[PDB]
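> Below: the sequence, then the experimentally determined structure.
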Protein chains: 2
Amino acid sequence: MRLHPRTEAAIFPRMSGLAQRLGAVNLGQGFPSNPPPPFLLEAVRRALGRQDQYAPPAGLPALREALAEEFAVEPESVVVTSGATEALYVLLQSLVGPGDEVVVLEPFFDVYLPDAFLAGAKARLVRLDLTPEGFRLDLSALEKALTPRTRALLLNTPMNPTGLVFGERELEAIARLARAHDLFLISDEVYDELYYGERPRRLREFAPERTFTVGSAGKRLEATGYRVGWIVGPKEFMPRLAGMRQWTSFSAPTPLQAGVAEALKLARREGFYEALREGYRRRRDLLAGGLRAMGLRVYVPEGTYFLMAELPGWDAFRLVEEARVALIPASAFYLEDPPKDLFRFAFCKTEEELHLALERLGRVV
Amino acid sequence: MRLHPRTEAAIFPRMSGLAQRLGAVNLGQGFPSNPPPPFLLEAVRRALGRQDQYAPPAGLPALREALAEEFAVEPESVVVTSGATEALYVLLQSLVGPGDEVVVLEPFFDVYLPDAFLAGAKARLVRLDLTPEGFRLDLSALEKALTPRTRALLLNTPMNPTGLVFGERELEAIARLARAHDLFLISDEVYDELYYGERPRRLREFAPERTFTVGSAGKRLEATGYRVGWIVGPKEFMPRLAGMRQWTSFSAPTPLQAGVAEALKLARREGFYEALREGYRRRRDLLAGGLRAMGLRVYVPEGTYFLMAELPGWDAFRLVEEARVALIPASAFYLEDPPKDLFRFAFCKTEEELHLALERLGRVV
Ligand SMILES: *Cc1c(COP(=O)(O)O)cnc(C)c1O
Ligand SMILES: *Cc1c(COP(=O)(O)O)cnc(C)c1O
């Protein structure tokens, strides 16, 4: 007896385990070290005992409605998934298969390749250029990766781990290419409210007929363990997506969907997103400023709570052991030939924790 | 542009919608019309604000530990999924694939065939015999369905929709067959605490080396929308299963896992399961007794909150329109040639709702 070979798809947890043993500050964890806002907790608390049974696979009506309002679409174009993780899994399962190719940009988020593989498709990687000015997408490189077998392109903006936010010029180009080649566009926008400059434009604004936008309540409201996410896309494809997620987990947690629906409305009216953005901006500048003071190259992020910097001559292991600071090496985001001495820092930690990390790194340089 | 054909896998919701329009008593819904116990609500309420971020894919340590204690196994043999629905989906994805066959018993629960198809396997159906004494499993029929390509057998006990509870004699036979043919055994035991006779024996007691047992907190604690379930199986296969569910939804809702862990311990010490069993037993007898008084054949269930009965000359549609009572036809649980005039009744409703249903059915006979 043996498991099917597709289970071959089954460093992040390992780095955290090593950090706990050595008592190192963990800047590798990709989630907040604080609780969610009080208005969310109260909304959930209020739903408990009133909405505890199965919600429709497509999602609680109140949540679909609340999301439709924000995206300026009809409720039927919204499907609630068990986290953006499920949204991405179901999207690949529904869009590609054996004989199909999907374009993924490198550095990538960890679920992209596994999801493509589990769907039976082939992932073609297009690497962003690391220029003196920072990360940049080369449109000619993207264009040359397209083949008659390509059916979809997966984009992540604001981007994890680079912190890159694609501008209107690049979004328009991607839209034209998708139209010319009749491709589906999957946009992982879980960090859509975490940006530091001008309000970014969305890919769906340029190619609404073929773009699926993914979001996460966990990444918007500092509640990653709630497992409530969504897909916003063309109405004609949504019923089938709802049908597919029905088999994977049936429906997202009902009381959590209920609380999130209410929290999304209040967050907007109470200016919670602006306060969140400023709180992270302060921490971004604290960390970036501290690293540059040490003479290190830091690629200041336009979004997300991640930042990448170069630490010449270091490897993640020696760092956590000597400096007592855990970081994630660039190798975790590249398939092969990762940039040298590049590391991802997560600044969704307390300022005290960040100051501690800088002091420790400073000692060992 | 078009979705991949596997999306072809994407009457239950339709019957509920028809019932709402006509103001009919809905005995077709497979979930409680009441809230969960207070001790569960309080435990969740207590977890909110303390455990809101990502839990490990395998599950919160406290939940894995609480489950291991009940099943008399080590924590490593437990994996927490986002509902039993996800457990079943991931099990099929991990055990079978193209060129493999899975045996499923008919009448079946709705996710079995779709999960087998989405995994690329072929489902071979073995139909239970409907004898004068009720539903019965013919071992010779099961044995004749095995081929060299068979890799697993899917069992559901207590069984939805029949209410059948497999006895020791049948479990032992299945165990011998699984061993002789080196098959994996998947046992859907979400209703393991809802039985009306002697405490049933578990399949894993007879074939612990090749059996995966599935459970659901939602079906145990009257909280179906919480999406917390589990797989208990041989330690050597669990790491890979945890790896597979990581890609589908990452991890189950953290505060819900926390509350469930506590609730499972209290339920046992406070005799909640016995009280639950008696409460359902009263409703089972109320419904069964009322139907037999009308001269109808009722197959009294040994478990679950479902019961099947025969209503000669009726179809589900005419019933909901004339009697104003919604039921699910046997056709929803069979692939072809479903038994004539057989319907599934769900008695997880208030006694007042059940009395109303009986009065309405009585009028139209
Ligand atoms: C966190 C994250 C996800 C997953 O979101 P969930 O709602 O927690 O499943 C997907 N994509 C990116 C880029 C993320 O950072
Ligand atoms: C309800 C049910 C399930 C699904 O359980 P969840 O925890 O709600 O996903 C699986 N199998 C059977 C027989 C069920 O009745």
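That came in fine, so what should we check first? Numbering: from 1, shown residues only, chains lettered A, B, ... in the order given. Ligands and ions are numbered 1, 2, ... in the order given.
> Please report the distance of the closest residue to chain B within the stretch 251-365 of chain A from residue A:63.
Proximity of the stretch 251-365 of chain A to chain B (CB to the nearest CB) peaks at residue A:254, 3.0 Å away. In this view, the C-beta of every residue, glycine as well, is placed from N, C-alpha and C. Residue A:254 is 10 Å from residue A:63, where distance means CB to CB, to the nearest Å.
> Buried residues, stretch A:263-280. List them.
Neighbour counts using 16 or more other CB atoms under 10 Å in any protein chain shown place A:263, A:264, A:265, A:267, A:272, A:273, A:276, A:277, A:280 of stretch A:263-280 among the buried residues.
> what kind of secondary structure is the residue in the stretch 51-200 of chain A positioned nearest to ligand 2 in?
The nearest approach of the stretch 51-200 of chain A to ligand 2 comes at residue A:54, 7.0 Å away (CB to the nearest ligand atom). Put simply, residue A:54 is coil when judged by DSSP: H, G, I helix; E, B strand; the rest coil.
> Return the residues in contact with it.
Counting by CB atoms under 8 Å, 6 or more residues apart in numbering or on different chains, residue A:54 touches A:250, A:251, A:254, B:31, B:224, B:225.
> residues contacting the fifth one?
By that I understand residue B:224. Counting by CB under 8 Å, 6+ apart, the residues that residue B:224 touches are A:52, A:53, A:54, B:31, B:32, B:216, B:218.
> Need the max-distance pair from these.
Greatest spacing in these, by CB to CB: A:52 and B:216 (13.6 Å).
> The two: which has the busier surroundings?
Neighbour totals were compared for residue A:52 and residue B:216, and residue A:52 leads with 27 against 24 (other CB atoms under 10 Å in any protein chain shown).
> Look up how far residue B:55 lies from that one.
In terms of CB to CB, residue A:52 sits 20 Å off from residue B:55.
> ditto for residue A:313
36 Å.
> So which of these two has more stuff around it?
residue B:55 (26 against 8).
> Which residues of the stretch 201-350 of chain A lie near ligand 2?
residue A:250 (CB under 6 Å from any ligand atom).
> For chain B, what's the nearest residue on the stretch 201-350 of chain A?
residue A:243 (2.5 Å).
> I'd guess that residue is in a strand, am I close?
No - the assignment for residue A:243, made by three-state DSSP, is helix rather than a strand.
> Geometric centre of chain A: which residue is closest?
In chain A, the centroid-proximal residue (CA atoms, centre = their mean) is residue A:190; its distance is 5.0 Å.
> residues contacting that residue?
Contacts of residue A:190 by CB under 8 Å, 6+ apart are A:84, A:160, A:214, A:215, A:216, A:218, A:219, A:220, A:229.
> Can you flag which of those residues belong to strands?
Among these, DSSP state E puts A:214, A:215, A:216, A:229 in strands.
> Dump these into a markdown table; add distance to ligand 1 as well.
Output for the ones in strands among the contacts of residue A:190, formatted as a markdown table (distance: CB to the nearest ligand atom, whole Å):
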| residue | distance to ligand 1 |
| --- | --- |
| A:214 | 7 |
| A:215 | 8 |
| A:216 | 3 |
| A:229 | 4 |
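> returning to what we had before: who are the contact partners of the nearest residue in space to the residue of the stretch 251-365 of chain A closest to chain B that is not next to it in sequence?
Leaving aside its sequence neighbours, residue A:254 sits nearest to residue B:225 (CB to CB, 6 or more residues apart in numbering or on different chains; 3.0 Å). Neighbour list for residue B:225: A:51, A:52, A:53, A:54, A:55, A:251, A:253, A:254, A:255, B:218 [criterion: CB under 8 Å, 6+ apart].
> how near is the second one to chain B?
Here the criterion is CB to the nearest CB, to the nearest Å. By it, residue A:52 lies 5 Å from chain B.
> Just to check, that residue is in contact with residue B:35?
Yes - in this structure, residue A:52 is within contact of residue B:35 by CB atoms under 8 Å, at 5.7 Å.
> quick one on the thing from earlier: from the contacts of residue B:225, keep the buried residues only.
If we count by 16+ other CB under 10 Å, the contacts of residue B:225 have these buried: A:51, A:52, A:53, A:54, A:55, A:251, A:253, A:254, A:255, B:218.
> for residue A:126, helix, strand, or coil?
Following three-state DSSP, we place residue A:126 in the strand state.
> just checking, what's the longest helix in chain A?
Taking DSSP state H as the criterion, chain A has its longest helix at helix A:272-293.
> Show me what the next helix or strand after that helix packs onto, helices and strands only.
Using DSSP states H and E, the helix or strand that follows helix A:272-293 in sequence is strand A:298-299. Strand A:298-299 is packed against helix A:272-293, strand A:306-310, with contacts defined by 3 or more CB pairs under 8 Å, 6 or more residues apart in numbering or on different chains; DSSP states H and E.
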